[PDB]
Amino acid sequence: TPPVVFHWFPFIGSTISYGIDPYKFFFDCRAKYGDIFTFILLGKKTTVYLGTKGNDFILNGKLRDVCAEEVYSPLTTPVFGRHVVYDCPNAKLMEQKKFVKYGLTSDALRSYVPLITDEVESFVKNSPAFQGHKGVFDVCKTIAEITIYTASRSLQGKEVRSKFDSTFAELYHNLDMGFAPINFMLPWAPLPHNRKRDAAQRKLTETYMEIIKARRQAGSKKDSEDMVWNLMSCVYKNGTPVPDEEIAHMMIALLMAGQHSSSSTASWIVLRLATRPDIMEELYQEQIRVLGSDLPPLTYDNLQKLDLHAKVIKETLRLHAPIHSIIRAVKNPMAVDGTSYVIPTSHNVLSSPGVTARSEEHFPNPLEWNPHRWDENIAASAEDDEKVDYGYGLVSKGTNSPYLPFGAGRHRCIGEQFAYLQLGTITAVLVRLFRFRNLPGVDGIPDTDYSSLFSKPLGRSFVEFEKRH
Ligand code: HEM
Ligand SMILES: O=C(N[C@@H](Cn1ccnc1)c1ccc(Cl)cc1Cl)c1ccc(-c2nnc(-c3ccc(OCC(F)(F)F)cc3F)o2)cc1
């Protein structure tokens with residue numbers, strides 16, 4: 001059995017330490033107990049295996065030994081809906097992932113760029129957020145809006161985008177309640193917020209299902225969004241088309257996925273850029289040099305030439321990746337190849353790919369946000385390891401890499417290229433339109449709110465904006 005981490009009280013264990021700051025908690029535990037330990041997380045023994053080998057052990061674990069959906073389903077199933085994601089066996093997840101991956105081809109991503117640019121530009125023109133030549137804005141609130149508009153406009157389609165002008169705003173706010181910290185223990189309890197979650201889940205499904213049906217009734221296709229796509233990409237291995245309900249639920253899940261992860265990340269980008277005016281000027285000059293002084297429209301093709309924009313994202317993900325903790329249930333006992341250790345089935349296991357990304361071993365002056373450290377290498381997709389196809393195409397199991405913001409193994413992100421496209425596009429447009437600065441006498445960046453397993457800026461962070469024109 002791995003070394004149990006010292007705590008003071010029963011069933012609180014190291015929850016508070018972990019919840020306040022996972023990374024500081026993991027590094028301290030590391031210095032005192034090595035690369036493997038067990039801490040009591042809300043009553044559950046939770047074995048943490050750190051370092052690249054830890055990530056490999058947990059993320060490349062066999063389906064026999066490690067279960068994800070068992071740990072997640074109580075929380076996510078009420079939110080996303082039935083028969084998708086984690087409310088099915090792995091094999092079905094793998095196909096659903098394949099379906100979405102289908103929907104995210106170059107032709108799809110191509111079409112999304114001018115739609116995303118238009119949303120950002122129209123937001124900046126129309127929102128109260130940025131009225132005036134010079135001002136302050138709430139970064140997280142503003143960025144969350146921009147991400148929801150950009151993702152729903154491109155990925156979700158016209159009808160959903162348009163409904164965010166009326167009811168979807170309130171629906172998604174209420175559905176998001178499902179991710180309340182309390183639902184890590186009572187996701188099944190009919191507390192008032194969960195009641196609102198469910199009402200919201202139901203009406204959201206309803207509307208999607210109406211949008212789908214109304215498409216069929218016109219017998220037509222008009223764009224590259226994931227709808228027209230799942231309607232056609234309905235076919236499962238056994239010949240069954242994905243039912244309208246599963247499509248609705250998949251879309252809900254994809255909106256939730258993008259919103260949480262991307263909005264957090266884009267917020268951090270803005271906050272970093274505000275602390276680093278040198279870097280923003282570089283980005284601006286890169287756009288001048290690589291696209292021209294006339295600053296022509298952003299396209300899928302010319303974005304990929306924005307080398308520093310990409311590194312700004314990569315480096316931000318290195319320090320601020322939204323998911324800090326990947327947890328699996330141990331289903332059959334497992335042992336650590338190089339040790340006497342064995343992990344019982346009363347344990348969960350936890351990987352933290354964020355730990356290696358801010359380690360001195362792998363990254364010199366790790367806590368320094370410097371995009372230029374990537375001058376050694378850049379890729380929006382990088383893989384030098386062996387490859388495994390789990391059902392949604394070939395992907396690296398890559399964990400010799402200390403940098404895994406999109407995870408690894410069968411459960412790894414299939415949103416990664418869309419995320420880059422969206423973050424890259426938002427950033428490029430913002431870089432054209434603005435300069436950002438911290439508020440008077442504020443140095444550096446805000447604290448991180450570690451909650452709901454989603455990192456984000458803590459508190460209400462304003463930065464100053466000035467329009468270039
Ligand atoms: C910066 C942006 C993003 C980050 C950092 C991110 C991170 C991750 C990580 C770490 C995982 C693995 C989770 C695990 O092992 O349990 C993952 C899985 C996934 N992500 Fe993302 N993601 C991002 C954006 C997106 C977007 C935009 C979408 C969809 C549009 C998406 C859809 C998914 C899906 C479907 C999975 C698979 C879950 C599974 O197989 O169990 N992600 N993501
Ligand atoms: O939002 C989630 N998954 C996203 C991931 N994603 C987004 C972008 N790319 C990937 C997602 C994936 C796929 C798709 Cl299709 C859509 C989405 Cl949105 C998500 C998944 C599982 C869990 C969950 N399971 N147990 C907990 C849990 C959490 C905390 C805790 O104690 C902590 C403390 F102490 F702090 F309180 C106890 C827990 F049991 O959490 C919570 C959230």
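Reckoned from all heavy atoms, side chains included, excluding hydrogens, waters and symmetry mates. Start at 1 with the first residue, then count along the sequence.
The side-chain hydrogen bond (donor to acceptor under 3.5 Å, both in side chains) test with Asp176 is passed by exactly one of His193, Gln259, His260: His260.
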Checklist entry - Hey, mind stepping through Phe37 and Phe25 against ring pair (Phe, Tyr, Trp, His ring centres under 6.0 Å) and telling me if it holds? => result CA-CA 12 Å; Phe37 27 80; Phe25 173 73; 7.2 Å; no
Item to check | Derivation of the side chain to side chain donor-acceptor pair (under 3.5 Å) call for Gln422 and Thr150 | outcome: CA-CA 8 Å; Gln422 188 196 32; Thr150 52; 3.0 Å; yes
Item to check | Stepwise salt bridge (charged side-chain N to carboxylate O under 4.0 Å, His left out) check, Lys311 with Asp375 | outcome: CA-CA 9 Å; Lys311 297 180 179 179; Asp375 285 357; 3.0 Å; yes
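The number of heavy-atom neighbours closer than 6.0 Å to NZ of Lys92, taken from other residues, nucleotides and ligands shown, is above 12. The neighbour count for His173 NE2, taken as heavy atoms of other residues, nucleotides or ligands under 6.0 Å away, does not exceed 12. The environment of NZ in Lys305 is sparse: at most 12 heavy-atom neighbours from other residues, nucleotides or ligands sit within 6.0 Å. Sparse packing is recorded around CG of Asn400, with 12 or fewer heavy atoms of other residues, nucleotides or ligands lying under 6.0 Å away. More than 12 heavy atoms of other residues, nucleotides or ligands shown are found within 6.0 angstrom of CG on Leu458. Heavy-atom neighbours of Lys45 NZ from other residues, nucleotides or ligands within 6.0 Å: at or below the threshold of 12.
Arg435 contributes no side-chain N or O that, together with a main-chain N or O of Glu281, makes up a donor-acceptor pair within less than 3.5 Å.
Checking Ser122 against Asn126 by side-chain atom types alone, a donor-acceptor pair falls below 3.5 Å. A donor and an acceptor atom, one from each side chain of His411 and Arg328, are nowhere located under 3.5 Å apart. Of the N and O atoms on the side chains of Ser351 and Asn55, at least one donor lies less than 3.5 Å from an acceptor on the other residue.
When all heavy atoms of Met251 and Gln156 are compared, the closest pair comes out as O-NE2, 3.0 Å. Heavy atoms only, all atoms of each residue included: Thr425 and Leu298 are closest at O-CD1, 4.4 Å.
The pair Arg373-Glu368 does not count as a salt bridge, with every side-chain nitrogen at least 4.0 angstrom from each carboxylate oxygen. Taking the charged nitrogens against the carboxylate oxygens, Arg318 and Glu315 do have a contact shorter than 4.0 Å, which makes a salt bridge.
Between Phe26 and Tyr18, the ring centre distance stays below 6.0 Å.
The list of side-chain hydrogen bond (donor to acceptor under 3.5 Å, both in side chains) pairs with a residue in residues 25-39, not counting sequence neighbours, reads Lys24-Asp28, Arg30-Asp35, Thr38-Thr47.
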Under 3.5 Å, which donor-acceptor pairs do the side chains of residues 288-296 form with other protein atoms, sequence neighbours left out?
none

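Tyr284 carries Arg468 over the face of its six-membered ring, with the cationic atom under 6.0 Å from the centre and within 45° of the normal. Both tests pass for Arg161 against the ring of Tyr149: distance under 6.0 Å to the centre and angle within 45° of the axis.
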